[PDB]
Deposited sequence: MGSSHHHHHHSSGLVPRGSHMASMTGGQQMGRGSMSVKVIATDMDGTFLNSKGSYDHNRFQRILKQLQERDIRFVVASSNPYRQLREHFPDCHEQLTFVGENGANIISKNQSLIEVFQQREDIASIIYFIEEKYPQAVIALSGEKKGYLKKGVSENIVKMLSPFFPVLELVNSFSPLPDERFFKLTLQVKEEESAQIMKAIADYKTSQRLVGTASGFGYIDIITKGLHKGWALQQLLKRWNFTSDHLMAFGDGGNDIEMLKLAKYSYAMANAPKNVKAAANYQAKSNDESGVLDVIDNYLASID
């Protein structure tokens, strides 16, 4: 009895080439709509970057970006929660002083920011997760309103740095969540994809019993635990599989659309 379908993007809905079966999807979408089944894109990426994947139908979908702080539906802003400048400045000072190896990117309403001096190769890596990317000589004072920050770090120091963040004075406001191999999103504490879906379920008057959800990452775990019909991609790591009730094929075998066509076929 599925009424909302929510999917992660990178590593899940998207294949390893960063694309998906457009035709198969649009035909599925027509089906979902005529059944009043809601479709939710739930990603750490900014909304502006998520809509580009759905050029011809984005206005018919709901988007959860920034892991949760920004929600758009029907091409309209439903929720936008910004971090406090004082908190941002403070966690930045802490990371610069304590973990100089982490590359810091700020994710703003309209663009992203890196510090000048970051290597071209990093700039080239990140520039994909941002509409526009501006380089500044300092973060103090700050530039725009910001949904989240992103740290690029060695995957092996990831846990340590996340714990350092959780133990810092900004603790009640800011928390890290693994948003990919070698990445930590510093989000407003509690504003994760599970929270986002709860807000949408509560607003559409459904329960988690009607939720089907797909993920492959740490930042998908609250969402997966929430959804009764929770799917870890075949390519997800053990801990993310632990949070799911069902396993899908890999993102390179259209694992998401496969499950959806299966449900519909039911």
For this session: Go through the deposited sequence from residue 1 and tell me which stretches lack C-alpha coordinates, in order.
Result: 1-35, 179, 303-304
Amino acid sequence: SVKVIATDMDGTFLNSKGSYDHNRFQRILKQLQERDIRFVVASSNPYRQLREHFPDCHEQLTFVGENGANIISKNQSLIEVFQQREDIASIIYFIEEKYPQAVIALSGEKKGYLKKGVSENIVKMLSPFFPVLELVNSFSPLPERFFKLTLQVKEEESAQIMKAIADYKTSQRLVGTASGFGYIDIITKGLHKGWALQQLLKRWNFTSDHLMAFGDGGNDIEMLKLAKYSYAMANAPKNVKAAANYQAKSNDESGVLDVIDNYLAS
From here on, numbers count along this sequence of modelled residues.
Seminar exercise, completed: Stretch with higher mean Cα temperature factor, 154-162 vs 92-100, is 154-162
For this session: Quick one: say whether 52-60 or 221-229 has the higher mean Cα B-factor in the deposited entry.
Result: 52-60
For this session: Select one of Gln199, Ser208, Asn70, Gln26: the residue whose C-alpha shows the highest B-factor in the crystal structure entry.
Result: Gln26
For this session: Among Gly180, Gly194, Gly176, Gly108, single out the one with the highest C-alpha B factor in the record, please.
Result: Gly180
Problem set entry | Chain-wide C-alpha B factor ranking for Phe139, given as lowest, middle or highest third | highest
For this session: Would you mind ranking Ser254 by its C-alpha B-factor against the rest of the chain and naming the third, lowest, middle or highest?
Result: highest
Seminar exercise, completed: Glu66: CA B-factor among chain residues, third -> middle
Exercise. If you rank the chain by CA B-factor, which third does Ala236 end up in: lowest, middle or highest?
Worked result: lowest
Problem set entry | Assigned third (lowest, middle, highest) for the C-alpha B factor of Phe129 | highest
